[PDB]
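J.: Quick one: the structure is below, questions incoming.
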Amino acid sequence: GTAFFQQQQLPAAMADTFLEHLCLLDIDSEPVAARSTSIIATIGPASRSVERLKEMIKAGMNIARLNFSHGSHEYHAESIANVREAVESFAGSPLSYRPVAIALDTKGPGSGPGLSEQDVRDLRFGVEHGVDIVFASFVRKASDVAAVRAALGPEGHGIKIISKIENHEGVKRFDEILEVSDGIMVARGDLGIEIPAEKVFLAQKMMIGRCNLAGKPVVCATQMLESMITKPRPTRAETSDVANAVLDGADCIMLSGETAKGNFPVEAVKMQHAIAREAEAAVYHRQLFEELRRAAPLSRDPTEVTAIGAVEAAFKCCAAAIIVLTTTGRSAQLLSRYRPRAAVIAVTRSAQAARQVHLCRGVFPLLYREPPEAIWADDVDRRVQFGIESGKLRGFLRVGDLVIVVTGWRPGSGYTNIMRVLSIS
Amino acid sequence: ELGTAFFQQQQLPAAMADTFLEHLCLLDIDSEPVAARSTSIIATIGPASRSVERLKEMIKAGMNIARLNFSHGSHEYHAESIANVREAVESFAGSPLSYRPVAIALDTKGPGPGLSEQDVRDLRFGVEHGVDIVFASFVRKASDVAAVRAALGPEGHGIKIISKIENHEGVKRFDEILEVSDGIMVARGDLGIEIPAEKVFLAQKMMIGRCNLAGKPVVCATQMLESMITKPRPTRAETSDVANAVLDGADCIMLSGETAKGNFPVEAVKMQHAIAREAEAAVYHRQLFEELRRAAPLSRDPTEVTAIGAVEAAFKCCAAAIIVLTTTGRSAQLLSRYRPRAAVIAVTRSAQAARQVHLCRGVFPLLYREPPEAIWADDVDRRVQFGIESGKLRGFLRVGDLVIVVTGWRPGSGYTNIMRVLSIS
Amino acid sequence: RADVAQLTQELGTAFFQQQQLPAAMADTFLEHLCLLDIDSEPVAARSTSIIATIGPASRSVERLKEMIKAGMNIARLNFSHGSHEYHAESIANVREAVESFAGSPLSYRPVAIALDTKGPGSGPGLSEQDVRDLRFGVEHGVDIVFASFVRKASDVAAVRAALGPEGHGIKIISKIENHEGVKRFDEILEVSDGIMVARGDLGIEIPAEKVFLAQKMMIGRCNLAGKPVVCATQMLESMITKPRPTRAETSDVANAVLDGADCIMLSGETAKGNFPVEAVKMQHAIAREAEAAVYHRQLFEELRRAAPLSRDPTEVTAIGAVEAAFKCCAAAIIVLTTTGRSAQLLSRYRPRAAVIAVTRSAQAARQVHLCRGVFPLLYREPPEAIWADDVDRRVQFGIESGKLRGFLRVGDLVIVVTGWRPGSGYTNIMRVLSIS
Amino acid sequence: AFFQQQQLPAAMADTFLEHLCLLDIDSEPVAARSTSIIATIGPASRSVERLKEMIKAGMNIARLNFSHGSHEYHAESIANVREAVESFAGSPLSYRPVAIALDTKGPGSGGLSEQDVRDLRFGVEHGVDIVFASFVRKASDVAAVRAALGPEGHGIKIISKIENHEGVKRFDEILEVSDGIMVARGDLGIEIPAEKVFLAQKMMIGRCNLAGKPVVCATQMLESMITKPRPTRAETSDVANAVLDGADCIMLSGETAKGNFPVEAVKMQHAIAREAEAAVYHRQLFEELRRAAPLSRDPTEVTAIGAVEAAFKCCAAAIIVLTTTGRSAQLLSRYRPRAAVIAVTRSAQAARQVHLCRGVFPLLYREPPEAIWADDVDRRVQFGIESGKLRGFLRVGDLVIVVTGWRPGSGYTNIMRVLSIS
Ligand SMILES: O=P(O)(O)OC[C@H]1O[C@](O)(COP(=O)(O)O)[C@@H](O)[C@@H]1O
Ligand SMILES: O=P(O)(O)OC[C@H]1O[C@](O)(COP(=O)(O)O)[C@@H](O)[C@@H]1O
Ligand SMILES: O=P(O)(O)OC[C@H]1O[C@](O)(COP(=O)(O)O)[C@@H](O)[C@@H]1O
Ligand SMILES: O=P(O)(O)OC[C@H]1O[C@](O)(COP(=O)(O)O)[C@@H](O)[C@@H]1O
Ligand SMILES: O=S1(=O)Oc2cc(O)ccc2-c2cc(O)c(O)cc21
Ligand SMILES: O=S1(=O)Oc2cc(O)ccc2-c2cc(O)c(O)cc21
Ligand SMILES: O=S1(=O)Oc2cc(O)ccc2-c2cc(O)c(O)cc21
Ligand SMILES: O=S1(=O)Oc2cc(O)ccc2-c2cc(O)c(O)cc21
Ligand SMILES: O=C([O-])C(=O)[O-]
Ligand SMILES: O=C([O-])C(=O)[O-]
Ligand SMILES: O=C([O-])C(=O)[O-]
Ligand SMILES: O=C([O-])C(=O)[O-]
Ligand SMILES: [K+]
Ligand SMILES: [K+]
Ligand SMILES: [K+]
Ligand SMILES: [K+]
Ligand SMILES: [Mg+2]
Ligand SMILES: [Mg+2]
Ligand SMILES: [Mg+2]
Ligand SMILES: [Mg+2]
């Protein structure tokens, strides 16, 4: 229909140049796709209530950040319990349940040269309380990441390490840091004090570009909607900053004081949701996909080969979604790195992987709770149907839509190798 | 994993160039072709190429399609040519390494305002003798194709009609002719008399471009190696002409007097084979694939969606082949339209489809004759392994190679919707 | 490397490490982003003009002299507040501060004066107060009018009529502030000299989360049309009370420049804030960094592909001059202009080289601040008897001012743009000159 | 009507594939034929009357093959070429210069042979414009040819013929010291597998286009025309594809030296080249040549790119350039403008030699001098305009780009002007 091609900035998407793409952006072209950039909300006195946490989950919070610069271990254990209680209050409806990750943001090294003694204790607390992600403060070199990994011990091997780049040395040694990290946070607060404030946008754009090239998550952080700590509506510069972080290629956007201590935590999450959805439709996928493909090296990994084939197929048919089965999140991450317009619906039995895949743009995790079927092919089919039923309930899919289904040839992680074109019935 | 030697062969340095100009600058006479020759060779049968022993040498030299020119000879003469071609082809059924299907094409005498009485009788002879293709002479409009289609009686609807464009009217009404034809022949002999000789290259390049855009076979014909009718080696202009027809995008190249009446028919076939193999490696796939992708409309047909995903996947891993199961040849034709560097190995139970897919560049037909398995998934797996084992025997594949496999979700033509990445064991 | 190897040997590796030149040479936009370097210092003069709103914090002659030194190019008078007497005094103070630097013609910096109208309010068109304010503007010789709440082409015709026959030279910049203005943008731009993306009212008239789409669309269309576009409101808002801006504010300024804005604006930050000079300095610092980060390779290619073929010799000369400047990394393009039009046509192709515009018109010298990368030089000498000698003297004045200000050094290449006869509309010559 | 001619619908296409789809046999060429024709002189093309017909048919360069004939034979060929060329000098606005090229016998089983030293000396003494040096395998072979030409042969252009595997492999070092290259497909097709010659041709043409140096495609282009009045379909395709590849010149050997249809062979190359030049996809070609040409601080190079960009912006009918050595015209030619490059020169030798550069139309200036240098420059520009109008290149209302310098003498081109005709 003609109505379909007028929505989600599709006239601007078909433009032959980036300049013509800008000229065709339309304020009346409504977003249809689900919001793909994850929202990280910092927990604090304004967002610790179990009832308030339920509202923030409904507003779109995907990752709850625990800032270990404030409060004791007892305070953070209560924050974790409250987040889990609010998240699990929706588990009674499996088709709409939204996993929420818990990230531990370290206090940092301070005047020390590396991992502080308080950080070693906090990291151990994180492993004992089952946190999903660590946002490691003031990462300056690859050995800082190795120290965090060692402090997590053998029980914390599955925790994702997102290195925070906060100073000149971190920016200069970025490549070596990214190589050993799971992802990066552009920590603009400290970065804007360590380097001239007028240069922060260059460091942000460079780091986002390099993370997009590497296929690793990147988070944009600090003062994105700062005035909403006290005001019900943000400034024109703040809405612009959120939109531009998404357009730059950020996988996640963050709220700090806006959700930790402000008077509008739910509204700040709703505002980031609304802006991100508009900005995602305005992405010039024609150039972005071409450049990501051209820059990505040749691969003999079947998961990577299936992912690029699936993303190409999704663009060819305007697929509503790519449904992928994943144990660790890796198959969903490899689809996400090619920035499809189609939502990546990731079905997993791992509660931890379901929480962690929020780090990857456009990955919508679905936690499958049913025990395995005796026939493996039936178990695979039941999970694909669960993805379809959840997608229909949530508005991602309708009867008549085309979907790309990504699975593997045997049970266990690492064997994705099949892409299938399915019509929704 | 692959080695530096791998990346020096098949013009791979020129393939990785960022511009067409740099691609030309990187072409290397020492970079040897490795892929099997993908442009089919059509040889005209006549006194110099009619004997069974001569036809066996032409099949070994690379002849894929035998052309019967109905402008000369009786029905009895042509029936004997067909019998000799079939005897020569079937003499290799005892060795899978040497057996190759060979299509039989009937080239009509021509028109009068429309279909001549002789053409009606010759087309009826074609249906009765089971020819695979008709090269329809002097097609000037869509109704000329409809007349040929109607003359293929109740038994010949599966015969491919390749319209020969031989005059100004055929060039001017090209779009309406291509729409109703299975493919086109650029009949340069008559075209060069009907329009100024210096304009034939424009008509050739335009028709090849439009056929490539439509995904329909196009044949370049007449005087390609003309001097080889009396000389053992061709001129510099003749080798250039063959290479440029392949670079232009021709699916097939043809020999007329060179094989029908000349003194060196086998050498003419060998020369076209040698040039086509060099020219195919020199194709600038980076721009070709991007432009075919951009110009092809969005599609909701699962065969078309699977085909572009499979070709994208094959480029990502430098796949040795794309193995496709096809009953009519259509799934192989849709892969061929995206011009993959990987060979398209088409496994079919239809002897007719196996001969006809020689019209599509890079399609290597394998005729499967095993009785059908009771469990359909087992019959599919047996055909995929048949394509892998044939590929290993013929030199296309080795253990450790990656192949893309294209199949559908249920039996019957029209359901192709699956692409898998397999590692050869 | 082959395309820059000889010039790298000649100009040095240090030259090619500055002004984001490694990012400029990238083959893709993604690689361009990956190569942006916080250690790559800007060298070129700041090309995006700064509009500062005049008020109690920036009205004194001494304060205005510091703002001119900090980088203010256009002084905005907001007619929503203050009487005609108040605004006349602001104009006098701006002119006194500007003319305090006239003693040195080789370094004099012109400053434009813009009148921002109160608006229609609940009315359907031009209000009676706006008619009186526009007449005040003509009588006091303002250079630009920022017309509030422009909704259609007839609104700009009403502003033009209210300026009368004596205000024909004043530039009309239409402020787009509501849904109707965005929807009828093409008809408004066609009859306006330029556009202001008035984000304050726009963010109340349409959903706040859609303002960035309207901003990017309007900037893109103005860049395609070759007409000035201003980004306005809350760019450095927190600087009204704080000495340093937020991370979102610096990002907003940088992104407005990267989007393609010709001008950026300060409202409360300069009119009533505690750090007006620091706010101007911050916009100057961010704009210089962002201008160097522009991906000229794609921008120039797209401006050429989208611009229609032209038989206008000024337009043909402009693209040839910008192409020549990129080929040699020219320090500047020196252009002679009567109305500013030849400089505007060079500016539309977004050269990295500064466009040094030599003019005898004091008004054109102030108005060309609306065009990105145009550095006006007011030539005060009387005409030579031989016209060709007069042209040569003006080109030499541009070279001498360029050397004095640091734009040009001995050994640099400059592109010189002139015409074949006196009078506006005859630019048709491009020359490559080596600075001695 | 303007936008339907010279393959302009195909020129405006957004992709190369769409460009091919839009090529039209009814879209007539309008621009003058840009690719020069080299005709080999022999028994079929030696008489003054035959040479006059070949000049009218489009021959730009006369090739003397020193593999056959004595010095006396070649001196007579040169005299006949000059007599035929000068028979048209009475009309200066339409006079067409014709270059004379000496093609050496080669080294045989040997570097520079003793016969080649004598033949090269003969060339200098008889004022030849170009040397086609046979079997060039390395840079020292070019240096030997240059030394054999002596101090009097400094101005002669050396076009190195690449005829074997070593020449192809050491191409970069050969091109660096040569004025241009000839893809000598005859010997190349015997030295390397015949099926690989097209790769060597396309690579050498691409590298010469990148370097901004002339490249000639040679041998068997219209071979069947030695005995037949019309060429084969492969031969017309070969000529068209050499032009599309980027060849500056195309050549005729036996077709003009000994064949029965020498004039018809020249006419056929002219007709094909004109059609192929209009089919060039300038949108991609200019972008790639512009991107790949290095950044430069040479004012002639800077002015040249600015002038070609300006010509494309206004669909300029021509770029008129004043040149002493041909260099300013060569630097414009390297960007492959659609606009004809009309080169006004006083040097008769430079006028003959610029036929090596595609799209350069030499005009030999023989009008009385002006006392004021600026008036003399203006008069040469008006001469280019008047010759252009007479020859059909220009009409009243057209826009032209004019390229001049700031002072007399070679090396000072730095000005580009947009001029409206009449
Ligand atoms: O993304 P990951 O971690 O590699 O998981 C993908 C795996 O999921 C599957 O699709 C389903 O596997 P399970 O049945 O073990 O859940 C496998 O075939 C595939 O290897
Ligand atoms: O190319 P075609 O003619 O559409 O045939 C493709 C068909 O081949 C298959 O892969 C195998 O089907 P069959 O078992 O009937 O041969 C189907 O799943 C698919 O629809
Ligand atoms: O940019 P504008 O307004 O067209 O002015 C450009 C004009 O300036 C000149 O360079 C100099 O003209 P004047 O001598 O009148 O100042 C003209 O040749 C040219 O037409
Ligand atoms: O192309 P070349 O050999 O550099 O010649 C270009 C020269 O021709 C001119 O345009 C005219 O010079 P002359 O008057 O000496 O002929 C010079 O200004 C310029 O330097
Ligand atoms: O769509 S883009 O051409 O323009 C942008 C605009 C932005 O405002 C920000 C980012 C991009 C972008 C980022 C990429 O990595 C890329 O490969 C292409 C782009
Ligand atoms: O590889 S190409 O850019 O250059 C060619 C060169 C030829 O010599 C011939 C054809 C092509 C070509 C054809 C296409 O349809 C296309 O989409 C791209 C190309
Ligand atoms: O340099 S760009 O490709 O990427 C941008 C990135 C932005 O962040 C913003 C704008 C652009 C841009 C704007 C254009 O009009 C254009 O023609 C090209 C560009
Ligand atoms: O696609 S092109 O127009 O771009 C070029 C660009 C170069 O910079 C060089 C050559 C070409 C070219 C050459 C051909 O033979 C051809 O068939 C097509 C081309
Ligand atoms: O720690 C942080 O998030 C910062 O400095 O922005
Ligand atoms: O019939 C043919 O093949 C021709 O005319 O070229
Ligand atoms: O008036 C203004 O400038 C606004 O609303 O932004
Ligand atoms: O000498 C030549 O011209 C050849 O060998 O092609
Ligand atoms: K912290
Ligand atoms: K026939
Ligand atoms: K106002
Ligand atoms: K010779
Ligand atoms: Mg910090
Ligand atoms: Mg025929
Ligand atoms: Mg307003
Ligand atoms: Mg030879």
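In the structure tokens, chains take the letters A, B, ... in the order shown, each chain's residues start at 1, and ligands count up from 1 in the order shown.
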Which residues of chain C have any atom within 12 Å of an atom in chain B when counting only C-alpha atoms, and what is the closest pair of atoms for each, with the distance in Å to one decimal? Order the rows by chain and rising number and write it as CSV.
T.:
```
residue,atom,partner,partner_atom,distance
C:2,CA,B:22,CA,11.7
C:26,CA,B:18,CA,11.8
C:27,CA,B:18,CA,8.5
C:28,CA,B:18,CA,10.5
```
J.: DSSP on the backbone: which residues in region 150-248 of chain A end up as strand (DSSP E or B)? Give the answer as number ranges by chain.
T.: A: 160-165, 183-187, 218-221
J.: Would you mind exporting the chosen residues as an mmCIF file, in the first residue's frame, restricted to N, CA, C and O atoms?
T.:
```cif
data_model
loop_
_atom_site.group_PDB
_atom_site.id
_atom_site.type_symbol
_atom_site.label_atom_id
_atom_site.label_comp_id
_atom_site.auth_asym_id
_atom_site.auth_seq_id
_atom_site.Cartn_x
_atom_site.Cartn_y
_atom_site.Cartn_z
ATOM 1 N N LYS A 160 29.489 -9.069 30.939
ATOM 2 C CA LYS A 160 30.023 -8.211 29.876
ATOM 3 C C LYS A 160 30.789 -7.030 30.457
ATOM 4 O O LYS A 160 30.303 -6.382 31.381
ATOM 5 N N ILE A 161 31.968 -6.735 29.925
ATOM 6 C CA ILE A 161 32.746 -5.591 30.385
ATOM 7 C C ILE A 161 32.666 -4.461 29.356
ATOM 8 O O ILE A 161 33.136 -4.604 28.229
ATOM 9 N N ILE A 162 32.045 -3.350 29.741
ATOM 10 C CA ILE A 162 31.930 -2.174 28.889
ATOM 11 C C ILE A 162 32.922 -1.176 29.461
ATOM 12 O O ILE A 162 32.764 -0.729 30.610
ATOM 13 N N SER A 163 33.973 -0.865 28.698
ATOM 14 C CA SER A 163 34.988 0.067 29.174
ATOM 15 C C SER A 163 34.550 1.516 29.008
ATOM 16 O O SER A 163 34.197 1.932 27.905
ATOM 17 N N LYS A 164 34.604 2.296 30.088
ATOM 18 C CA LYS A 164 34.265 3.714 30.020
ATOM 19 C C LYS A 164 35.508 4.502 29.611
ATOM 20 O O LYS A 164 36.542 4.400 30.269
ATOM 21 N N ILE A 165 35.414 5.270 28.513
ATOM 22 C CA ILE A 165 36.505 6.109 28.045
ATOM 23 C C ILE A 165 36.238 7.493 28.601
ATOM 24 O O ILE A 165 35.246 8.129 28.250
ATOM 25 N N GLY A 183 32.456 -3.876 24.895
ATOM 26 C CA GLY A 183 31.891 -2.648 24.368
ATOM 27 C C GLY A 183 32.468 -1.433 25.063
ATOM 28 O O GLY A 183 33.408 -1.540 25.868
ATOM 29 N N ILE A 184 31.931 -0.253 24.715
ATOM 30 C CA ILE A 184 32.474 0.998 25.207
ATOM 31 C C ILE A 184 31.378 1.927 25.692
ATOM 32 O O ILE A 184 30.275 1.920 25.157
ATOM 33 N N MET A 185 31.701 2.757 26.672
ATOM 34 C CA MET A 185 30.824 3.838 27.070
ATOM 35 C C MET A 185 31.583 5.143 26.831
ATOM 36 O O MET A 185 32.721 5.284 27.287
ATOM 37 N N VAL A 186 30.975 6.079 26.102
ATOM 38 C CA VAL A 186 31.522 7.418 25.918
ATOM 39 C C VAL A 186 31.050 8.207 27.140
ATOM 40 O O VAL A 186 29.908 8.672 27.183
ATOM 41 N N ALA A 187 31.903 8.271 28.176
ATOM 42 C CA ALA A 187 31.570 8.905 29.444
ATOM 43 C C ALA A 187 31.885 10.381 29.322
ATOM 44 O O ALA A 187 32.973 10.821 29.701
ATOM 45 N N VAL A 218 28.154 0.325 21.857
ATOM 46 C CA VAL A 218 28.660 1.608 22.303
ATOM 47 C C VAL A 218 27.522 2.375 22.972
ATOM 48 O O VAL A 218 26.388 2.373 22.483
ATOM 49 N N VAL A 219 27.809 2.953 24.131
ATOM 50 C CA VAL A 219 26.822 3.685 24.924
ATOM 51 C C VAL A 219 27.168 5.159 24.927
ATOM 52 O O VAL A 219 28.329 5.500 25.153
ATOM 53 N N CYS A 220 26.185 6.035 24.689
ATOM 54 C CA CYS A 220 26.416 7.469 24.818
ATOM 55 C C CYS A 220 25.862 7.862 26.193
ATOM 56 O O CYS A 220 24.730 7.500 26.535
ATOM 57 N N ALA A 221 26.661 8.593 26.980
ATOM 58 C CA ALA A 221 26.248 8.931 28.334
ATOM 59 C C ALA A 221 26.477 10.379 28.719
ATOM 60 O O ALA A 221 27.332 11.045 28.135
#
```
J.: For CA of residue 77 (chain A) and CA of residue 140 (chain A), quote the distance in Å rounded to one decimal.
T.: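 We find that CA of residue 77 (chain A) and CA of residue 140 (chain A) lie 28.9 Å from each other.
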J.: Quote the spacing between CA of residue 178 (chain A) and CA of residue 215 (chain A) in Å to one decimal place.
T.: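 Separation between CA of residue 178 (chain A) and CA of residue 215 (chain A): 10.5 Å.
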J.: Please identify all protein, DNA and RNA residues within 8 Å of ligand 18, counting only C-alpha atoms and all ligand atoms, and report them as a list in words.
T.: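 Listed by chain and ascending number, the contacts are residues 137, 138, 164, 166, 187, 188, 189, 190 and 191 of chain B.
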J.: Neighbours of ligand 14 at 9 Å or closer, counting only C-alpha atoms and all ligand atoms: which residues, as a list in words?
T.: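 My answer, listing the contacting residues, is residues 68, 69, 70, 71, 72, 106, 107, 108, 109, 110, 135, 136 and 137 of chain B.
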J.: Take the residues just selected and output them with N, CA and C atoms as a PDB file, in the first residue's frame.
T.:
```pdb
ATOM      1  N   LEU B  68      20.744 -25.580 -34.280  1.00  0.00           N
ATOM      2  CA  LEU B  68      20.347 -26.113 -35.585  1.00  0.00           C
ATOM      3  C   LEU B  68      19.803 -24.944 -36.387  1.00  0.00           C
ATOM      4  N   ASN B  69      20.495 -24.554 -37.459  1.00  0.00           N
ATOM      5  CA  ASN B  69      20.060 -23.425 -38.269  1.00  0.00           C
ATOM      6  C   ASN B  69      19.064 -23.901 -39.326  1.00  0.00           C
ATOM      7  N   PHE B  70      17.761 -23.643 -39.091  1.00  0.00           N
ATOM      8  CA  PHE B  70      16.730 -24.080 -40.029  1.00  0.00           C
ATOM      9  C   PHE B  70      16.650 -23.237 -41.311  1.00  0.00           C
ATOM     10  N   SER B  71      17.583 -22.295 -41.509  1.00  0.00           N
ATOM     11  CA  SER B  71      17.672 -21.574 -42.782  1.00  0.00           C
ATOM     12  C   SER B  71      18.229 -22.517 -43.874  1.00  0.00           C
ATOM     13  N   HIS B  72      18.925 -23.604 -43.498  1.00  0.00           N
ATOM     14  CA  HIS B  72      19.490 -24.570 -44.438  1.00  0.00           C
ATOM     15  C   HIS B  72      19.138 -25.995 -43.986  1.00  0.00           C
ATOM     16  N   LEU B 106      16.689 -24.638 -31.755  1.00  0.00           N
ATOM     17  CA  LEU B 106      16.233 -24.566 -33.135  1.00  0.00           C
ATOM     18  C   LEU B 106      16.198 -23.093 -33.534  1.00  0.00           C
ATOM     19  N   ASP B 107      16.971 -22.698 -34.547  1.00  0.00           N
ATOM     20  CA  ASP B 107      17.005 -21.310 -34.996  1.00  0.00           C
ATOM     21  C   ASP B 107      16.153 -21.227 -36.266  1.00  0.00           C
ATOM     22  N   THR B 108      15.050 -20.483 -36.215  1.00  0.00           N
ATOM     23  CA  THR B 108      14.108 -20.420 -37.330  1.00  0.00           C
ATOM     24  C   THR B 108      14.621 -19.675 -38.562  1.00  0.00           C
ATOM     25  N   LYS B 109      14.063 -20.042 -39.734  1.00  0.00           N
ATOM     26  CA  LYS B 109      14.399 -19.412 -41.008  1.00  0.00           C
ATOM     27  C   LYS B 109      13.970 -17.941 -41.016  1.00  0.00           C
ATOM     28  N   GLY B 110      12.797 -17.656 -40.469  1.00  0.00           N
ATOM     29  CA  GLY B 110      12.318 -16.285 -40.376  1.00  0.00           C
ATOM     30  C   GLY B 110      11.105 -15.968 -41.225  1.00  0.00           C
ATOM     31  N   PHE B 135      15.389 -20.116 -31.122  1.00  0.00           N
ATOM     32  CA  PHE B 135      15.952 -18.794 -31.379  1.00  0.00           C
ATOM     33  C   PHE B 135      15.042 -18.262 -32.502  1.00  0.00           C
ATOM     34  N   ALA B 136      14.086 -17.401 -32.156  1.00  0.00           N
ATOM     35  CA  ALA B 136      13.095 -16.885 -33.110  1.00  0.00           C
ATOM     36  C   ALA B 136      13.647 -15.726 -33.939  1.00  0.00           C
ATOM     37  N   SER B 137      13.799 -15.933 -35.242  1.00  0.00           N
ATOM     38  CA  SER B 137      14.354 -14.927 -36.133  1.00  0.00           C
ATOM     39  C   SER B 137      13.460 -13.724 -36.356  1.00  0.00           C
TER      40      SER B 137
END
```
J.: Using only C-alpha atoms, find the residues of chain C whose closest atom to chain D is at most 6 Å away, then write them as an NGL selection string.
T.: :C and (3-4 or 309-311 or 313 or 316 or 320 or 323-324 or 327-328 or 428-432)
J.: Keeping N, CA, C and O atoms for every residue in the selection just given, could you write it to a file as a CSV table (one decimal), in the first residue's frame?
T.:
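The resulting file, again.csv, is reproduced below:
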```csv
chain,number,residue,atom,x,y,z
C,3,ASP,N,47.2,9.7,-4.3
C,3,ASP,CA,46.6,11.0,-4.5
C,3,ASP,C,47.1,12.1,-3.7
C,3,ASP,O,46.8,13.3,-4.0
C,4,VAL,N,47.7,11.9,-2.6
C,4,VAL,CA,48.2,12.9,-1.7
C,4,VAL,C,49.7,12.8,-1.4
C,4,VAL,O,50.2,13.6,-0.6
C,309,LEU,N,22.4,22.0,-13.9
C,309,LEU,CA,23.4,22.6,-14.8
C,309,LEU,C,23.0,24.1,-14.9
C,309,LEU,O,21.9,24.5,-14.7
C,310,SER,N,24.1,24.9,-15.1
C,310,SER,CA,23.8,26.4,-15.1
C,310,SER,C,24.5,27.1,-16.2
C,310,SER,O,25.7,26.7,-16.5
C,311,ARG,N,23.9,28.0,-16.8
C,311,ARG,CA,24.5,28.9,-17.8
C,311,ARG,C,24.8,30.3,-17.3
C,311,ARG,O,25.2,31.1,-18.1
C,313,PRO,N,27.3,32.6,-15.7
C,313,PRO,CA,28.8,32.6,-15.6
C,313,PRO,C,29.3,32.8,-14.1
C,313,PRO,O,30.4,32.2,-13.8
C,316,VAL,N,29.0,29.2,-12.8
C,316,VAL,CA,30.0,28.4,-13.4
C,316,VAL,C,31.4,28.7,-12.9
C,316,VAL,O,32.2,27.7,-12.6
C,320,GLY,N,34.0,26.1,-10.5
C,320,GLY,CA,35.4,26.0,-11.0
C,320,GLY,C,36.4,26.4,-10.0
C,320,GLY,O,37.4,25.8,-9.7
C,323,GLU,N,36.5,23.9,-7.0
C,323,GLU,CA,37.2,22.7,-7.4
C,323,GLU,C,38.7,23.0,-7.4
C,323,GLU,O,39.4,22.1,-6.9
C,324,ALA,N,39.1,24.1,-7.9
C,324,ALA,CA,40.5,24.5,-8.0
C,324,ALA,C,41.1,24.6,-6.6
C,324,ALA,O,42.2,24.2,-6.3
C,327,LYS,N,41.8,21.2,-5.1
C,327,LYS,CA,42.9,20.6,-5.8
C,327,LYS,C,44.2,20.9,-5.2
C,327,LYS,O,45.1,20.1,-5.2
C,328,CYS,N,44.4,22.2,-4.8
C,328,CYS,CA,45.7,22.7,-4.3
C,328,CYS,C,45.7,23.0,-2.8
C,328,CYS,O,46.7,23.5,-2.4
C,428,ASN,N,33.2,36.2,-14.0
C,428,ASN,CA,33.4,35.1,-15.0
C,428,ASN,C,34.9,34.7,-15.0
C,428,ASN,O,35.2,33.9,-16.0
C,429,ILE,N,35.7,35.1,-14.1
C,429,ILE,CA,37.2,34.8,-14.2
C,429,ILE,C,37.7,34.2,-12.9
C,429,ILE,O,37.4,34.7,-11.8
C,430,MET,N,38.5,33.1,-13.0
C,430,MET,CA,39.1,32.4,-11.9
C,430,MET,C,40.6,32.4,-12.2
C,430,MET,O,41.0,32.0,-13.3
C,431,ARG,N,41.5,32.8,-11.3
C,431,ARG,CA,42.9,32.8,-11.5
C,431,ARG,C,43.6,32.1,-10.3
C,431,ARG,O,43.2,32.3,-9.2
C,432,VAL,N,44.7,31.4,-10.6
C,432,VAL,CA,45.4,30.7,-9.5
C,432,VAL,C,46.7,31.5,-9.3
C,432,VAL,O,47.5,31.7,-10.2
```
J.: Smallest atom-to-atom distance to chain D: which of B:418, B:115, B:225, B:319, using only C-alpha atoms?
T.: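 Smallest distance to chain D is found for B:225.
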